[PDB]
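Residues: numbered from 1 along the sequence shown. Atoms considered below: every heavy atom in the structure, side chains included; atoms not considered: hydrogens, waters and symmetry mates.
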Amino acid sequence: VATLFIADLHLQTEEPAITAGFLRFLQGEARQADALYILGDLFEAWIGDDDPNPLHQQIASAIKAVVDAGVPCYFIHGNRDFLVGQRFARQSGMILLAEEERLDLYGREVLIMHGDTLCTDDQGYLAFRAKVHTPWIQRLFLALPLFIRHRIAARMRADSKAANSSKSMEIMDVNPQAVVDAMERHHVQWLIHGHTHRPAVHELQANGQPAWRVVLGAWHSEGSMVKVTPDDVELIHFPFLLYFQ
Ligand SMILES: CC(=O)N1CCc2cc(S(=O)(=O)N3CCN(c4cccc(C(F)(F)F)c4)CC3)ccc21
Ligand SMILES: [Mn+2]
Ligand SMILES: [Mn+2]
């Protein structure tokens with residue numbers, strides 16, 4: 001038995017190969033887990049649950065089949081899809097969780113999050129995140145016509161793509177002090193997150209004991225997942241979908 005953790009799939013229409021790899025994962029590996037946690041950035045973009053984007057319903061139906069197969073699915077918002085709301089949760093059967101959750105996984109206490117709130121050195125993103133996460137700014141954006149939200153989101157992506165082109169990767173990683181503060185705020189020796197796209201297992205010190213930070217990988221050329229069993233924690237890389245010469 002095991003619990004699965006995925007994040008940073010960045011599903012979008014222009015990347016059907018990633019979509020097909022995620023659909024195969026939901027039909028096979030996901031059906032065998034006690035639970036499936038999606039730690040943010042499931043979608044490359046999200047402007048509201050009323051978006052009739054067909055990929056949204058194709059993904060919701062596939063996740064609903066996993067939930068119907070007896071595997072509960074949970075979602076934590078990422079920096080790309082923080083607008084995923086209760087309507088999509090019902091369409092997909094997923095349970096939406098807070099920005100930080102503490103799980104009892106077979107005895108070990110694990111803190112789960114997306115990981116973007118750990119990059120406290122990036123003042124540019126932190127200001128952008130505080131703005132787009134303010135409730136009244138959200139409900140104003142969501143009240144606009146959908147085609148207006150599309151033009152807003154398209155320009156903001158082009159704006160941030162040209163602004164991030166002049167940023168150093170030293171202020172864009174995880175802050176080590178923020179990890180210890182989070183792992184001691186929740187009193188855990190285990191932390192799983194994504195966002196940074198650097199799959200790794202980092203050892204640190206928290207609560208006077210050794211602690212570990214498990215980072216998920218983004219779904220680029222191949223898939224990535226964290227598998228937590230009663231015996232071990234596994235960081236797994238696998239292809240989306242054999243011959244001889
Ligand atoms: C660093 C980073 O995370 N970025 C950089 C660029 C980007 C674009 C998108 S998005 O295209 O999915 N879309 C953009 C618009 N957005 C929004 C929400 C609430 C209020 C408003 C405002 F401001 F218009 F009122 C806009 C919803 C999501 C998501 C993440 C990110
Ligand atoms: Mn990501
Ligand atoms: Mn992210």
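Rounding to the nearest 0.5 angstrom, the gap separating the OG1 atom in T120 from the CG atom in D181 is 9.0 Å. Here CZ of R129 is found 12.5 Å from CG of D122. Values are rounded to the nearest 0.5 Å. Remark: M156 CE to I47 CD1 distance equals 12.0 Å, nearest 0.5 Å. A distance of 10.0 Å separates NE2 of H186 from CG of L191, quoted to the nearest 0.5 Å. To the nearest 0.5 Å, the span separating CG on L4 from CG on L36 amounts to 6.0 Å. For the atom pair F240 CZ and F22 CZ, the distance stands at 11.0 Å (nearest 0.5 Å).
Residues satisfying the ring pair (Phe, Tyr, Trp, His ring centres under 6.0 Å) test with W212, not counting sequence neighbours, are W190. Among residues two or more places apart in sequence or in another chain, the ring pair (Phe, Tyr, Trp, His ring centres under 6.0 Å) test is passed with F43 by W46, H56, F88. Considering only residues two or more places apart in sequence or on other chains, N79 meets the side-chain contact (heavy atoms from CB on, under 4.5 Å) condition with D41, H114, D116, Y125, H195. Applying the ring pair (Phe, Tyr, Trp, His ring centres under 6.0 Å) criterion to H10, with sequence neighbours excluded, gives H197.
Here the side chain of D49 pairs a donor or acceptor atom with the backbone of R87 at under 3.5 angstrom. Looking only at distances, a side-chain donor or acceptor of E184 sits under 3.5 Å from a matching main-chain atom of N207. A donor-acceptor pair under 3.5 Å is formed between the side chain of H150 and the backbone N or O of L146. Of the possible polar contacts, none joining the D232 side chain to the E234 backbone as a donor-acceptor pair under 3.5 Å is found. With hydrogens and angles disregarded, a donor-acceptor distance shorter than 3.5 Å links the side chain of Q189 to the backbone of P210. Distance alone, capped at 3.5 Å, places no donor-acceptor pair between the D81 side chain and the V84 backbone. Without hydrogens or angle criteria, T134 side chain to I137 main chain gives no donor-acceptor distance under 3.5 Å.
In the hydrophobic clustering of this structure, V215 does not group with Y37; members are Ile, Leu, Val, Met, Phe, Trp, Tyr whose side-chain heavy atoms approach within less than 4.5 Å, directly or through other members. In this structure, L140 is not a member of the same hydrophobic cluster as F82, with clusters built from ILVMFWY side-chain heavy atoms closer than 4.5 Å.
Look at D159 and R155 and you find a salt bridge, because one of the NZ, NE, NH1 or NH2 atoms lies within 4.0 Å of a carboxylate O, short of that distance. Between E203 and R213 there is no salt bridge, since none of the side-chain N atoms of the basic residue sits less than 4.0 Å from a carboxylate O of the acidic one.
Inspection of the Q91 and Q57 side chains reveals an N or O donor paired with an N or O acceptor under 3.5 Å.
You'll find the side chain of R31 reaches within 4.5 Å of the side chain of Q27, heavy atoms only. By the 4.5 Å heavy-atom criterion applied to side chains, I112 and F5 are counted as neighbours. Residues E101 and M113 fail the side-chain proximity criterion, which asks for heavy atoms closer than 4.5 Å. The shortest distance between side-chain heavy atoms of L9 and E44 does not fall below 4.5 Å. Between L11 and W219, every side-chain heavy-atom pair lies at or beyond the 4.5 Å cut-off. Side-chain atoms of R157 and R80, non-hydrogen and from C-beta on, do get closer than 4.5 Å to each other. At a threshold of 4.5 Å between non-hydrogen side-chain atoms, the residues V174 and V179 count as touching. In this structure, the side chains of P176 and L204 stay at 4.5 Å or more apart for every pair of heavy atoms.
Considering all non-hydrogen atoms of both residues, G85 and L96 come closest at O-CD1, 3.5 Å. Residues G115 and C119 come closest through the heavy atom pair O-SG, 3.7 Å. When all heavy atoms of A211 and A206 are compared, the pair lying nearest together is CB-CB, 3.7 Å. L142 approaches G48 most closely through the heavy-atom pair CD2-CA, 3.8 Å.
Checking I236, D8, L235 one by one against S224, the side-chain contact (heavy atoms from CB on, under 4.5 Å) holds for a single residue, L235. When each of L111, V110, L103 is paired with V188, the side-chain contact (heavy atoms from CB on, under 4.5 Å) condition holds for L111 and for no other. The one candidate from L105, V214, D34 that meets the side-chain contact (heavy atoms from CB on, under 4.5 Å) condition with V228 is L105.
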Between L97 and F75, is the side-chain contact (heavy atoms from CB on, under 4.5 Å) condition met? List the steps. CA-CA 6 Å; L97 299 181; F75 182 72; over 6 Å; no
Could you please spell out the steps behind the side-chain contact (heavy atoms from CB on, under 4.5 Å) verdict for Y106 and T229? CA-CA 7 Å; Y106 318 104; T229 78; 5.6 Å; no
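For the salt bridge (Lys or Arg N to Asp or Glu O under 4.0 Å) condition, the pairs that include at least one residue of residues 135-154, sequence neighbours left out, are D50-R149.
If you look at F141 and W136, their ring centroids are not closer than 6.0 Å.
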Exercise answer: donor-acceptor pairs, residues 59-74 side-chain atoms, under 3.5 Å, sequence neighbours excluded:
{"unit_1": "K64", "atom_1": "NZ", "unit_2": "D68", "atom_2": "OD1", "d": "3.1"}

